[PDB]
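> this one's a deposited entry, sequence included:
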Amino acid sequence: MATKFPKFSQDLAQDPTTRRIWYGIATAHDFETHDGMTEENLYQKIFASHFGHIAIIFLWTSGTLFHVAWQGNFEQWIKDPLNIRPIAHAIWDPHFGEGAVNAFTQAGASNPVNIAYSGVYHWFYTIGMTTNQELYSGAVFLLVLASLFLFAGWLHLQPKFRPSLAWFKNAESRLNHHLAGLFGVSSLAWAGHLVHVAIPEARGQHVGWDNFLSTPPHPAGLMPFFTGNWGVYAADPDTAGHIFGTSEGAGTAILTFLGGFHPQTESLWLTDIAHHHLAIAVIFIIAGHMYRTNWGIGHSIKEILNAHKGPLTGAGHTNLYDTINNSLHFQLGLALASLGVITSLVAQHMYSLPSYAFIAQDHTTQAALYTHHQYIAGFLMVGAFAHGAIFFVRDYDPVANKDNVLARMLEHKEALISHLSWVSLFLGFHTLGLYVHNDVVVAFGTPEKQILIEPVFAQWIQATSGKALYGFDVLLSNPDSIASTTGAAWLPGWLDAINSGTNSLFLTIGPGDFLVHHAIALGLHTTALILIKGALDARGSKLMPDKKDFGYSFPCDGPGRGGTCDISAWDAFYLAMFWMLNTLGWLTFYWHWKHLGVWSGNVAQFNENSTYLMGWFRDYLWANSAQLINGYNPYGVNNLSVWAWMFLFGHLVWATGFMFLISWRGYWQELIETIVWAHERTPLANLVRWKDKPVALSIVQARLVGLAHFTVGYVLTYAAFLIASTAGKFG
Amino acid sequence: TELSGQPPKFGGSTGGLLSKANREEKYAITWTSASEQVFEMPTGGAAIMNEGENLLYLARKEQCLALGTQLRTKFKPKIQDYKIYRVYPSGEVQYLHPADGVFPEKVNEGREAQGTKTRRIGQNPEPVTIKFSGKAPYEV
Amino acid sequence: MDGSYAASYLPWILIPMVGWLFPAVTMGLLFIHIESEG
Amino acid sequence: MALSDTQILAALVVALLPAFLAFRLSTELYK
Amino acid sequence: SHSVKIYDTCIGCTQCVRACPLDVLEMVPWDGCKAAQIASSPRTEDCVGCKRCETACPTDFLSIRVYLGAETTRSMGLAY
Amino acid sequence: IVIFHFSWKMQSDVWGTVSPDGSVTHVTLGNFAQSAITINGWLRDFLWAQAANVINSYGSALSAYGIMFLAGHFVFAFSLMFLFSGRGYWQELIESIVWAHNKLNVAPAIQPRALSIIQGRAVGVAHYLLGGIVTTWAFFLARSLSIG
Amino acid sequence: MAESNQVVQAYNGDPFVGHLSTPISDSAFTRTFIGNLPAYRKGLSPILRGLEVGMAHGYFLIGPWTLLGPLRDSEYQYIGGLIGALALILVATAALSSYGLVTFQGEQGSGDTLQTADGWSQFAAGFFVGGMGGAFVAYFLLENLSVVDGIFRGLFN
Ligand code: CLA
Ligand code: CLA
Ligand code: CLA
Ligand code: CLA
Ligand code: CLA
Ligand SMILES: CCCCCCCCCCCCCCCC(=O)OC[C@H](COP(=O)(O)OC[C@@H](O)CO)OC(=O)CCCCCCCCCCCCCCC
Ligand SMILES: CCCCCCCCCCCCCCCC(=O)OC[C@H](COP(=O)(O)OC[C@@H](O)CO)OC(=O)CCCCCCCCCCCCCCC
Ligand SMILES: CC1=C(/C=C/C(C)=C\C=C\C(C)=C\C=C\C=C(C)\C=C\C=C(C)\C=C\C2=C(C)C(=O)CCC2(C)C)C(C)(C)CCC1
Ligand SMILES: CC1=C(/C=C/C(C)=C\C=C\C(C)=C\C=C\C=C(C)\C=C/C=C(C)/C=C/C2=C(C)CCCC2(C)C)C(C)(C)CCC1
Ligand SMILES: CC1=C(/C=C/C(C)=C\C=C\C(C)=C\C=C\C=C(C)\C=C\C=C(C)\C=C\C2=C(C)CCCC2(C)C)C(C)(C)CCC1
Ligand code: SF4
Ligand code: SF4
Ligand SMILES: [Ca+2]
Ligand SMILES: [Ca+2]
Ligand SMILES: [Cl-]
């Protein structure tokens, strides 16, 4: 007998319980474990899945564009960006009452509407889009793009167009085409767009599909680019009195490098952005010529890795080409670690050095962007370490990687784990001790005995970039330094933007920033300790010397040998998720409190109260909640009704996750058995019988479900608080 | 063939057989008793075994085996002649325990060796060496 | 509920469809598929 | 301006195409 | 069902068979230890996976190993 | 939930002052009827409002109540670690630390073992109850001592 | 032989049967769609199939006369559409029943229950009831269009 679903697992299809359903959903994407999977079919299915995913991204982007065009006020928003709030789309909910309708007819809309909080308006405006028809045609074109990628994914599964395994394992050519073509040519095309459209539109010159062939973006054509006199393109950059969208203060420059911020929009100059894209395009195209393909000339990754032997290391990087090229979990972990690092980098660089016009004034959108991308980065990092452990479980070859870097990392894993334990205990012990000392000191009416230690190293680093507030006179803060008298066109604007305490560039830090950066260090150290200990013991330990035989994820090994709960590397991932969420909470709390202080001009509150934790408990959480929890009350409803309701929703989901996390299966299986008895013996209901035998959720499933609720609640409740507080205060 | 023995004296309970016994399968424990005794029911509550033969139907095999351990470990004249069978809805009966008339705790000739690995635990093949197959280190 | 945007009659029937018809149909199809053969 | 009434119910026909192609891709990936 | 394997590091102390609550294991003759016997898993279709046989095992890391596999009515321990 | 109901109902519809007119002015002005019917009411007009005494207790004779408030919060969060994890991870971490002590011959003769599953549960629930009950103890005491 | 990119193959693997397997006549979508219509959906008794078919048909048969019949420009527009639809469903029920009376006089087959005298009479009964109900419910919706609009807009909140 067989129950068909899931077709890819008879071990599940023959499960006569509800687990068959759940696990069928949980293992569908794990193509490696499908019955009779081959490596070539694995790669081809992954290829088509990638095509489908790219189509999904294009469809979601088209949805953003289309809803902004249709139900937005983009053209009205351009007339007065600093006062008109951007709207994401209209509401249509039959549950609404008169109070809710009146509350959500906002931002000059004739119908209920949600206000945008993702800064996509500033994006589209700085890019050069000025009408609704442009956004509309963009949405339609992206529909077509999703269609193209869907047809490509369909075609690459046909026997007439199936890429073979050797084609997928061609690392040299793929790296060449991605570095040179995917990365370089695309930054080149974006520079061309900024030069032809974005910058001319910033100066009031309409450039559309009806005139871009006729009007050159520079009074000189391509000969200054052809010959070599490139300074013609620097011409007269936009003056410090250029008003955006008009010709006042406008120039003819298409490639500058003055640095600093546009005085009105408070963002990077579009000319410097296009110049950056051109330079990066050249760099990436140069990079994309390193590895040989079919013309003999070029490098081979395997020989480069093999050559890097050494004395104390041993085999060095020998055979690592095959090690990484034959394991998709290795490639995925590398990609996830890199992408999480650079996503956190985007988050850190968008609030400090913004690049979209007037988005520095829109504080809620910036808070939400920073929080969003830091959360994405945390997820990506946890996933990277999970895939490293999965590689260790499934793909690691001890003989082909003998005595190399990998084998040595595994060979002294106790040293690495123990020293991570030491650094984590160190950081946590001392940071919590200092916070508790400051709390107990402020409590007894003697706030003068707080341990305030100046963040001297980071202030010195700021000064090295030209920060003269702390009087360090080191490097770019010292005019007599060699590095400051080089004649670089970016020094004046950079110093003017970093020494004007009016933006978010290199914010002044006090001892509270020192304490919270040590808290962040504790969080990173502890989460990484969890993940590394899980990946290094994934193949085995002294409780399960054969943990690799059981797989990356299994319930446990029983109560024997002392008890083996949460033994697999998957359990290490599930543990590390809590600490990652806590680290992002510390990040976002710090960022949001300091930025609320900065935006209100009352930086004294944060600088004086972030030292003891009661300061965080009453001046940050309790205080900024006052607006949110009044979105609806016994007196009516304001525009924060949804955010208050979602705040409470996240609380509920979080506690419901606690439910699955604290109480463990067997109790529930017995309870379900009593309920099964009940159903079989209650008349009329006996006419009906389940098709799948009801059973309690499995152990690993219970961890996953509790953690899913925990994370849903975490994100939703903090997003509600962030949005409601920053929007009711308007920064 | 036909299972024989008097049912134990029991007033009934809600923990006994369900629809599985008639739709899927059931199990039976038989045992001889030196006197009318009181034993504990694996499904909850106390019952009285008759002197002589006793036949009892249970829903799961582990329940019959729990009853067997109780018979052989909790009574002055130890009951160890108990037999456990599996009954199907077609009335078929499959003798189960003890498999070869001798308890599996002590060695007995005639038994084959299954699941026995000639190698050591730590001598299992690495998973990468058997990947993209339908086998695991403990199976090849 | 109303809408000054064009084709405001579209959400009128499209919200029930996305919220009632589409979910009922997809859940029924997936339920039949889960419990197929036997 | 404001998007045309006829314009909103023109993108849906174009969306019928990625719907068809996503249906085809899903059914092919199920194989 | 679950897999129950036995390895050559078996000493034949019969404790895992005594600990089994579903009669999955047997003591068959062998010639690799003093007790001249080894454990076997003939009735694996009745294994639930309670790991008691591993708990009652004395060898430095178990000589008998239980790997949880395809679940069924018997392995899930269902009386319904 | 029982003691929260007791506190809010007493402060709202019972406890209060009385002016020489027969008229009674309650502590929190009878807000129980219109606010204790939603969860947002308990969050705002009971927890957020009445915890203002506990959080602003620093610099007075009740700063100890704010200290113990934060302490109960911390002990709840600490219990969560014993409640959400398993013994095997901690035993592996202890194995690594035991190797580290073996490197310098500081290995104790009494081998360090992770808390048993039952003991992990007992510790988790003990810390959970302690933290929560101490939190509400500090909150209740500060509030009912700052209402006259 | 690396040539079967053709989408139009022989119908049901029989090239000598008067039919062709095409993306309309025999594709996965059309097959799973028509095969799960109430007329072919497996596990359905004839009366339920008739009920579903009648519901659909009687529901949509209100419109033509409602918007285009002679009573369209009277104060009984919806009532006139309803009356026309009810008469049409009655005539169609008579036609269905007569067809069943004539086609199943002989030996009752054992293939599918719908293709018998009893099964076809059950299908006709289901169709009659479903059609009258669908016409009356579409009429009732049209006559109470204001409450439907107020419901879907939340006007009554
Ligand atoms: C120049 C030729 C070329 C180009 C154009 C591509 C293009 C692509 N290939 Mg392909 N490929 C090629 C040749 C090429 N390939 C060759 C020669 C081989 C080997 C024989 C392969 C084999 C191959 C495989 C096996 C796979 C791909 C995949 C992909 C896609 C990568 C994933 C993606 O879409 O994210 C796009 C990534 C970028 C645009 C780069 C972004 C830069 C980073 C992220 C920083 C972001 C910068 C900036 C701030 C972001 C803008 C933010 C904005 C919101 C403002 C991509 C579109 C994958 C795929 O998806 O399958 C379809 C995949 O599985 N390729
Ligand atoms: C506020 C809650 C809380 C606390 C205090 C801890 C504490 C700790 N965790 Mg933990 N964790 C938590 C939440 C918490 N966790 C949650 C919810 C999870 C998800 C289940 C995890 C999962 C987790 C994992 C997976 C790991 C940790 C680790 C650690 C230890 C790392 C050392 C450190 O961080 O610095 C120092 C320690 C502290 C700041 C806390 C102790 C400080 C106290 C107050 C000192 C005083 C002791 C006191 C006087 C003793 C006498 C008491 C007497 C009155 C009875 C540490 C002891 C990592 C580890 O073990 O590192 C080696 C580890 O791998 N945690
Ligand atoms: C992922 C993109 C996306 C998203 C998230 C939304 C979001 C929303 N839309 Mg919109 N829509 C989109 C794209 C999108 N739209 C596009 C491209 C069009 C033009 C064809 C429209 C045209 C449209 C109309 C006419 C209306 C909405 C409406 C709505 C709201 C209710 C949903 C609904 O009833 O309409 C359903 C949506 C459609 C019929 C269009 C199909 C959506 C795209 C083409 C496919 C998305 C597939 C994508 C992969 C998601 C799959 C799920 C995922 C798990 C894989 C909702 C907030 C209603 C509204 O205004 O609310 C007040 C409504 O009246 N949309
Ligand atoms: C010359 C031929 C002709 C003519 C003149 C008409 C004329 C008409 N048709 Mg018809 N139609 C025709 C042919 C024709 N049709 C054909 C060939 C078909 C295909 C078989 C249809 C199928 C069709 C359908 C499905 C419907 C109409 C409807 C209508 C009326 C809509 C105008 C109106 O009153 O606004 C008002 C329109 C509405 C209020 C729409 C009804 C909204 C309901 C509540 C559905 C909500 C959707 C959602 C799934 C709710 C389900 C709840 C569930 C989960 C419990 C109208 C009188 C509609 C109708 O009968 O009005 C009730 C309608 O539902 N037509
Ligand atoms: C020779 C007799 C005859 C008669 C008297 C009529 C009379 C009529 N024709 Mg028709 N016509 C005829 C022949 C006839 N026609 C022929 C041969 C043709 C082909 C060229 C046409 C083609 C024609 C068309 C195309 C149309 C008409 C229409 C109409 C009706 C217009 C008014 C109306 O609203 O109808 C409403 C009345 C009915 C539909 C009949 C219902 C009568 C009762 C109340 C039915 C209730 C059922 C009840 C339970 C039965 C009980 C039975 C019991 C007594 C035993 C009208 C009653 C129009 C129409 O149908 O209007 C809607 C229309 O569209 N005629
Ligand atoms: C800044 C981070 C804050 C603290 C994090 C922890 C730092 C870890 C330091 C502990 C001591 C390491 C013991 C090495 C053990 C050791 O000496 O191995 C022996 C090894 C000898 O290597 P070979 O001469 O064989 O090199 C040939 C190679 O091609 C093959 O590996 O020494 C080195 O590799 C050079 C110096 C070690 C470099 C170790 C890297 C540590 C990372 C430090 C931060 C990296 C930043 C990189 C930015 C580009
Ligand atoms: C343009 C797109 C084309 C698709 C059609 C669109 C509307 C038409 C709907 C008609 C459906 C036909 C129903 C009968 C179809 C039918 O009943 O088939 C038959 C089958 C069960 O019936 P049998 O196997 O007994 O029938 C077999 C034969 O009789 C076939 O004729 O059902 C299924 O196969 C399971 C359904 C697939 C489940 C699909 C998964 C969907 C979940 C994911 C959804 C993603 C949404 C993302 C966007 C939000
Ligand atoms: C003959 C030829 C040449 C002339 C070429 C000519 C004559 C024109 C070249 C035009 C080019 C190369 C246009 C490239 C256009 C790419 C476009 C237009 C857009 C891509 C957009 C994407 C992918 C997604 C965009 C999104 C949408 C749609 C939005 O609306 C919001 C933003 C975002 C989400 C990003 C020259 C002499 C040069 C070289 C020799 C050959
Ligand atoms: C487990 C595993 C894995 C994973 C891993 C991981 C996850 C890692 C990590 C991590 C990370 C994520 C890292 C990162 C890092 C860092 C670095 C690498 C640094 C850099 C540096 C530098 C050198 C800088 C410099 C500078 C400065 C200082 C400033 C200014 C500018 C400049 C540039 C000058 C794999 C799969 C792979 C394999 C298997 C196992
Ligand atoms: C889907 C689709 C399509 C389309 C179609 C159309 C165009 C239409 C249909 C439509 C219809 C056709 C609908 C319907 C509706 C109906 C209803 C809704 C019904 C009803 C009924 C009721 C509700 C009941 C009633 C009653 C009775 C019977 C009893 C007594 C009396 C009364 C009245 C109560 C196509 C194929 C193209 C493609 C694929 C998809
Ligand atoms: S408990 Fe272990 S050593 Fe003893 S007989 Fe069983 S398998 Fe062999
Ligand atoms: S897991 Fe349980 S049932 Fe299976 S062999 Fe071990 S003790 Fe017996
Ligand atoms: Ca333009
Ligand atoms: Ca007329
Ligand atoms: Cl409220």
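Structure received. Residues are numbered from 1 along each chain as shown, chains lettered A, B, ... in the order given. Ligands and ions are numbered 1, 2, ... in the order given.

> for residue G:75, the count of nearby residues, please.
Here the number of neighbours of residue G:75 (other CB atoms under 10 Å in any protein chain shown) works out to 8. Yep, even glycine has a C-beta here, placed from its N, CA and C like the rest.

> next, it: phi, psi?
With angles defined as degrees, to the nearest 10, residue G:75 sits at phi -90, psi 10.

> swap in the one 10 residues further on?
Per-residue torsions, residue G:85: phi -60, psi -40 (degrees, to the nearest 10).

> that one against residue G:133, yeah?
No. The pair residue G:85 and residue G:133 does not pass the contact test of CB atoms under 8 Å, sitting 11.3 Å apart.

> what residues are shared contacts of the two?
residue G:58 (CB atoms under 8 Å, 6 or more residues apart in numbering or on different chains).

> so what's residue A:593 up against?
By CB under 8 Å, 6+ apart, the contact set of residue A:593 is A:606, A:610, A:616, A:619-620.

> if you set the cut-off to 10 Å instead, what comes out?
A:512, A:516, A:605-606, A:609-610, A:615-616, A:619-621, A:623-624 (CB atoms under 10 Å, 6 or more residues apart in numbering or on different chains).

> still on that earlier bit, show me which of residue G:85 and residue G:133 is the more surrounded one.
residue G:85 (27 against 16).

> centre-most residue in chain C?
Nearest to the geometric centre of chain C sits residue C:22, at 2.5 Å (CA atoms, centre = their mean).

> any idea which element that one lies in?
Assigned by DSSP states H and E, residue C:22 belongs to helix C:22-34.

> what sits against the closest residue to ligand 6 within chain E?
Across chain E, the shortest distance to ligand 6 (CB to the nearest ligand atom) belongs to residue E:61, at 31.5 Å. Residues in contact with residue E:61 (CB under 10 Å, 6+ apart) are A:542-546, A:561, B:120-122, E:7, E:9, E:54.

> any idea how far ligand 11 is from it?
Distance, residue E:61 to ligand 11, by CB to the nearest ligand atom, to the nearest Å: 10 Å.

> same question for residue B:55.
32 Å.

> how about the nearest residue to that residue, chain neighbours excluded?
Closest residue to residue B:55 apart from its sequence neighbours, by CB to CB, 6 or more residues apart in numbering or on different chains: residue B:5 at 3.1 Å.

> go on, residue A:178?
Closest to residue A:178 by CB to CB, 6+ apart is residue A:288, at 7.4 Å.

> I'd assumed residue A:177 was in contact with the one you found.
Yes. With contact defined as CB atoms under 10 Å, residue A:288 reaches residue A:177; the gap is 7.0 Å.

> buried residues of the helix or strand where residue A:124 lies, list them for me.
Element membership for residue A:124 (DSSP H and E) is helix A:120-127. Of the residues in helix A:120-127, A:120-122, A:124-127 count as buried by neighbour count, 16 or more other CB atoms under 10 Å in any protein chain shown.

> what do you get for stretch E:64-78?
Those would be E:64-68, E:71-78, for stretch E:64-78 by 16+ other CB under 10 Å.

> briefly note if that stretch comes near chain B.
Yes. Using CB under 10 Å from any CB of the partner chain, we find that stretch E:64-78 touches chain B at E:64-67, E:69, E:73-74, E:77-78.

> roughly how far is that stretch from the heart of the chain?
Distance of stretch E:64-78 from its chain centroid, counting by CA atoms, centre = their mean, to the nearest Å, is 12 Å.

> near chain C, anything from it?
No. Stretch E:64-78 does not reach chain C (CB under 10 Å from any CB); its nearest approach is 15.1 Å.

> only C-alpha atoms, please: export that stretch in CSV.
Provided in CSV are the C-alpha atoms of stretch E:64-78 (Å, rounded to 0.1, in the frame of the first residue of the first chain):
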residue,chain,number,x,y,z
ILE,E,64,23.9,-2.4,19.7
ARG,E,65,22.6,0.6,17.8
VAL,E,66,19.1,1.7,17.0
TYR,E,67,18.4,4.0,14.0
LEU,E,68,14.9,5.4,13.7
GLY,E,69,13.4,4.9,10.3
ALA,E,70,10.1,4.8,8.5
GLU,E,71,7.3,5.2,11.1
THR,E,72,4.3,2.9,11.2
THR,E,73,1.5,2.0,13.6
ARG,E,74,3.9,-0.4,15.4
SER,E,75,6.8,1.9,15.5
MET,E,76,4.7,4.9,16.7
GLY,E,77,3.3,2.7,19.5
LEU,E,78,-0.3,3.4,18.5
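
> gap between the residue nearest to the centre of chain C and ligand 8?
Taken as CB to the nearest ligand atom, the span from residue C:22 to ligand 8 is 27 Å.

> who does the helix holding residue A:124 touch, helix- and strand-wise?
If you count contacts as 3 or more CB pairs under 10 Å, 6 or more residues apart in numbering or on different chains; DSSP states H and E, helix A:120-127 packs onto helix A:39-71, helix A:74-79, strand A:87-90, helix A:132-155, helix A:199-202, helix A:270-287, helix A:363-394.

> OK, contacts around the residue lying closest to residue B:68 once chain neighbours are set aside?
Nearest residue to residue B:68, sequence neighbours excluded (CB to CB, 6+ apart): residue B:82, at 4.8 Å. Residue B:82 sits next to B:29-33, B:54, B:56, B:64-65, B:67-72, B:97-98 when contact means CB under 10 Å, 6+ apart.

> now do residue E:31
So residue E:31 contacts E:37-38 (CB under 10 Å, 6+ apart).
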